[PDB]
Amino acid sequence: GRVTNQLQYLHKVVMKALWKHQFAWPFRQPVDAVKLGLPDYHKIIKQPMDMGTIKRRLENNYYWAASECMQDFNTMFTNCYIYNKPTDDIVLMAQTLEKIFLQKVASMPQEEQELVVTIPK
């Protein structure tokens, strides 16, 4: 992957705010369907995603484009809405985190630019 202004923003602004939020803990590592006794979790949720995975990917320059990281956040949130029941608190927690995600994304740099300057030519 690479380091861009938008990915750096997703790491140092967006993930920094979401990771430390009071509602973050169920999303900080993959859903552990075995420990949770949920044999249908991986039958219903075909692309699991969580903030621990996204954070490690940002730390390791896994992404080539901010849009890929944004889609991972979206998948994490949508997985939660799809698997759980409308009135569960976890849905409200996902919704609260997603609102912050969108609020912070609104101030992301407009043009995706590489931050690593290379020798000209």
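Residue numbers run from 1 along the displayed sequence. Basically, rigid core = biggest C-alpha set you can superpose within 1.5 Å across the two forms.
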- request: Superpose on the core, then say which of 34-42 and 48-56 ends up with the larger RMS Cα offset from this form in 5 other deposited structures of this protein.
  value: 34-42
- prompt: Averaging C-alpha B-factors over each stretch, which comes out higher, 21-29 or 101-109?
  reply: 21-29
- prompt: Of 60-68 and 76-84, which one has the bigger average CA B-factor?
  reply: 60-68
message: Taking only the Cα B-factors deposited for this chain, tell me whether residue 45 sits in the lowest, middle or highest third.
response: highest
- request: Would you mind ranking residue 91 by its C-alpha B-factor against the rest of the chain and naming the third, lowest, middle or highest?
  value: middle
- prompt: Taking the C-alpha B-factors as the PDB entry records them, is residue 51 in the lowest, middle or highest third of its chain?
  reply: lowest
